[PDB]
Amino acid sequence: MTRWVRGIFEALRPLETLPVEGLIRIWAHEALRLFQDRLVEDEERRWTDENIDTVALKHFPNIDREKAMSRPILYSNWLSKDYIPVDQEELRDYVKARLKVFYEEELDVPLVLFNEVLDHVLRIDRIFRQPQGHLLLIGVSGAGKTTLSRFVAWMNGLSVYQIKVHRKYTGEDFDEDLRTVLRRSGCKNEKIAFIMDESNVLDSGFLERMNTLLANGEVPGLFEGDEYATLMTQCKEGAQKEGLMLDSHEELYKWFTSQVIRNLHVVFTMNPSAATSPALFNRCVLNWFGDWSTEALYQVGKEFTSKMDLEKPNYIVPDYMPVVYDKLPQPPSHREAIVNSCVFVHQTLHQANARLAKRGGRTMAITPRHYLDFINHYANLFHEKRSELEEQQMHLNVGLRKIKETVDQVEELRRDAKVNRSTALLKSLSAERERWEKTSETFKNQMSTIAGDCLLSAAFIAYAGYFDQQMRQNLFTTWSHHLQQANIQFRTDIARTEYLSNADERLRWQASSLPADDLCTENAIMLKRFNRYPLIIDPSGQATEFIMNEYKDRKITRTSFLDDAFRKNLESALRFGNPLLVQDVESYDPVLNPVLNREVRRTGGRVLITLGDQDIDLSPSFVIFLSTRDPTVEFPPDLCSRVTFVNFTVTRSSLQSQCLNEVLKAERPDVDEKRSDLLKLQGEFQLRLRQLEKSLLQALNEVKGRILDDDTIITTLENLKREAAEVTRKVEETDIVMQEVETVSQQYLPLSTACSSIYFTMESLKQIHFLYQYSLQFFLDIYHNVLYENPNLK
Amino acid sequence: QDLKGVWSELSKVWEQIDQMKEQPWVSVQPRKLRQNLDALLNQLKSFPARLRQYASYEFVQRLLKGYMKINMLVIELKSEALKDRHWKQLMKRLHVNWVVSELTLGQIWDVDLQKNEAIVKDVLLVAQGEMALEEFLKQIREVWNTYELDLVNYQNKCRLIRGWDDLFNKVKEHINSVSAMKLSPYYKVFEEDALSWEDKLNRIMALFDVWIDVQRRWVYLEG
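Residues numbered from 1 in each chain as written, not as in the entry; some residues may be left out. Chains lettered and ligands numbered in written order. Part of a larger assembly, values for the part shown. Heavy atoms only, no water.

In the annotation of the PDB entry, chain B is listed under the name Cytoplasmic dynein 1 heavy chain 1 and assigned to Homo sapiens.

Under the annotation held in the PDB entry, chain A carries the name Cytoplasmic dynein 1 heavy chain 1 and is attributed to Homo sapiens.

Undergrad: What should I look at first to understand the side chain of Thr269(A) in this one?
TA: Of note, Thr269(A) is situated in strand 6 (residues 265-270). Aside from chain neighbours lying at most four places away, what touches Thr269(A) is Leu137(A), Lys145(A), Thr146(A), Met196(A), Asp197(A) and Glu198(A). (Helix = DSSP H or I, 4+ residues; strand = E, 2+ residues; numbered from the N terminus. Contact = heavy atoms within 4.5 Å.)

Undergrad: Looking at this structure, how should I read the interface of chain A and chain B?
TA: In this assembly, 25 residues from chain A lie in contact with 27 residues from chain B. Across the chain A to chain B interface the summed buried area is about 2,200 Å²; carbon plus sulfur atoms make up 51%. Area buried by chain A at its contact with chain B is led by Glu104(A), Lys568(A) and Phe576(A), which between them contribute 28% of it. For the pair chain A and chain B, the number of links is four salt bridges. (Buried area = accessible area lost by both parts, 1.4 Å probe. Salt bridge = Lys/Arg side-chain N within 4 Å of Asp/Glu carboxyl O.)

Undergrad: What should I look at first to understand helix 10 (residues 226-241) of chain A in this one?
TA: One turn of an α-helix holds 3.6 residues; hence residues three or four places apart share an orientation. Residue and element names in this part refer to chain A. With 16 residues, helix 10 extends 23 Å from end C-alpha to end C-alpha; this agrees with the ideal 22 Å at 1.5 Å per step. Along helix 10, the residues that are buried comprise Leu231, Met232, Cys235, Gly238 and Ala239. Buried residues in helix 10, looked at end-on, bunch into an arc of 135 degrees, giving them a common side. Away from its buried face by more than 90 degrees, helix 10 exposes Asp226 and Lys241. In the core, the buried residues of helix 10 are packed alongside helix 11 (249-263). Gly243 lies just past helix 10 and shows a positive phi near 70 degrees. (Expected span 1.5 Å × (residues − 1). Buried < 20%, exposed > 50% of the residue type's maximum accessible area, 1.4 Å probe, protein only. Arc of directions from axis to C-beta.)

Undergrad: Looking at this model, I keep getting lost on the sheet that holds strand 6 of chain A. Mind explaining?
TA: The pairing of strands in a sheet comes from backbone hydrogen bonds and takes either a parallel or an antiparallel form. Residue and element names in this part refer to chain A. An order of 4-5-6-3-7 is seen for the five strands of this open sheet, with the pairing classed as parallel. This sheet does not close on itself; its edge strands, each paired only once, are strand 4 (159-161) and strand 7 (285-288). Strand-to-strand, the axes of this sheet are offset by a mean angle of 25 degrees, without reference to chain direction. Here strand 3 (residues 135-138) pairs with strand 7 via four bridges, running parallel. Along strand 7, the bridge assignment pairs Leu136 with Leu286. (Pairing = 2+ DSSP bridges. Axes fitted to C-alpha atoms, helices over the stretch in contact; angles between N-to-C directions.)

Undergrad: Explanation requested: the pattern of salt bridges in the structure shown.
TA: Proximity of charged atoms lets side chains of opposite charge pair with each other. Residue and element names in this part refer to chain A. Enumeration according to the criterion identifies 48 salt bridges over all chains in this entry. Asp175 is the partner of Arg209 in a salt bridge, and the nearest nitrogen-oxygen pair spans 4.0 Å. Placement of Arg209 in the loop between strand 5 (192-196) and helix 9 (211-215) and of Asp175 in helix 8 (residues 171-186) is noted, with a sequence separation of 34 residues between them. Classification of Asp175 as buried rests on a relative accessible area of 19%. A salt bridge links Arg491 to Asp493, with the nearest nitrogen and oxygen atoms 3.4 Å apart. A residue is classified by how much of its surface remains accessible, and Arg491, at 35% relative accessible area, is partly exposed. Given a relative accessible area of 34%, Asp493 falls into the partly exposed group.

Have a look at this one:
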């Protein structure tokens, strides 16, 4: 109530006169900013909106409502020198200009200004305006805090001070930091947005030493000794500087307290539900962020994917689309359909994590940072695949040009007993030209799809990494079914491993210590195109050896959280750029919190990041990995926003697919090779064919009356003629092979289910007795001895 | 008759470009450069629609678009991390515009900063690593050139050394950091200097592992 009194008093301090409508507008704006800001449920906010208007009608009769009560009620101080009511559009334009100049100054991260982040920026500025204005920001991780605070602190001119906490932090050092902050904010009249974080502060012990600053803005007993003399000298100097002549100790201390009340602002960032003190809840103003809406995610995905070519004028709208943004422009274009499916993917995964939490499984928190990583992976993947397609199309055009040049050479060579066989040679080449032109048409069809196809890889890179194989496939089928519902053209059968990795990289991975499973290869392509630093869930320990095999040339060093000298290893890796593998992340030190969030700070030429007390330099070749041997863990939602999760664990579906592939390799290798060629009907066979075409072009243009010396180069052109026909064969014979491998795998499936049940009984047997411990190597040795060394099989 | 109007409007714009490019890169303040470029941008925006069909206005407009695109590359090229070595690598990969470090803005501006973006990205990445390494070596020199052995009294007989644990923690921290330094990719240019410090660092350990011994037993022997 006294914050309400002070807010209305600060609204009517610089104004000259008002009507009743402006006063009740100011009063209701402060009611909305003091009561609706802490609410979580939307129904409570609607109740507050109804009852504010009911109170304003009840206690103020014969007052015009629509002049006083316009429901987009906003107030600002940037557009004019007064705190007049403003509209939304001019405020949005000004904050977009300020955010665009905020891009190029200190941090190059693109931001999106939807409807709610504007309101939150207005609220943070309104807290910054009031004396004794302290803010507590609550809500899910990411989603605005420690980025909106820095933004409005830069905009209103407040410098930012943070405490760098580590193991060595006593109350004396906290007193020294508070002395420096209060001396800077009081004597120098420097506005400081002292922001505190959940990482560096969870319970530092002396969090109640700043309760007096939160109450009235002075610590008694902080300035004992010579510090009172120093503060008295600088206090009289500052009071002389701003023209307030005071003499004695007490009036100068009162002026110092008043200047601390006016200047120093404190903003806490806290994650929701030990519990904080209710005094700390009462001392601040409590702003609830919440999760981003469908409109906010639509506005993020629209502004971030606008640069990519998404326009299909051929696109026929379907009759009914599953819509989740109700304010979509009906009927949509292709880009609108893509962004609607982009937010549909996030909605379906929120529903899927809720359904997995209904069953009682271990679910991890889902943040807007996951949506940002999904959109960034979509943009990078779309650019990469379109660049590859345009490059190979240009190389095909070069090949066509040289083919026409060689045809011109041959019809020159018909001037001149080799005149028959050379005329035989031309009878290949133009036919080859025809085959090449047919491939051109296919690449046009490749455009049709390359867009939604990238979508179904990109989410698969960023979203479904923690899940098992069956849940990943179910999410994939849900995304594919919605994309067929929205007339988005994409490949009906996609190999997720082959799309994101070439065969040479797979040969490198299998040449390293990596098993050849579908789950393990998908979690290997997880570790190639990550944005955030990854965490591995491996119960077998193979992932650590795979990681040190993949990065041994960069001299990766091994460490763990449980070492005493861990933080120096992380500091040296951050400073010198050598990559780091960090074990035992169940004892998660929160000092990694900026590093996974990539919180760099441009201080002059320096690139500073906070580690311990130190501010150290992020070398650009740094990359880190976090590891769990232990699969039974529940991480904080803070850690869900900062890392990408991969799952090397073994489940029923993973071992069932492993046993099915093993028995089909061991018993029906014709079906296994016909299935493996169906995986090779994607980019492997075509990359080998295009490499052969490029090598033929390396000896095609050597035609100057020289090619008729023996007329045997046609075989080099005929070695292409067979294999491409084989590529023409297996594409034509591609449905019968699908049905054949489906029927043969259907014949062998209950053996795989029996193998999975036997293995899970073997791993469940540990609870009977302490000696009943059997590994996965035991069961694979069982399966090898049954399948290969069986004396009854002969 | 409109050619006089459009050329009289564009002559001051071209002159403003001329006094912008003549500013020395030694004396460039790039935030003020952004402010002046935005002043030129809103002066461009102030022009009416009669001149929007001529080629000269849109040519100058896309020139200013290229300039405010490369404004961030300018504000990063003015960083303190870049030294004369990285300027020599910019000479090596950029070929043209032989600059004697008289450092005009126009000669830096006329080269295609938008086309050759990955080149200056690699140069700034290398300079970032070198600045990180050099400031680590500065921290080594500052910390170990001013370290003092704390001395405490002993029975009005002697003056012993107190605080072996923090000193040994510092020696172990610095020696392991030099060991990780030798694994760093940016290692060569500073290499022998680090080696000299490494030698000195090892010598310090080679004293103090002795010292506690000739402390401790002697105290015990006195007892």
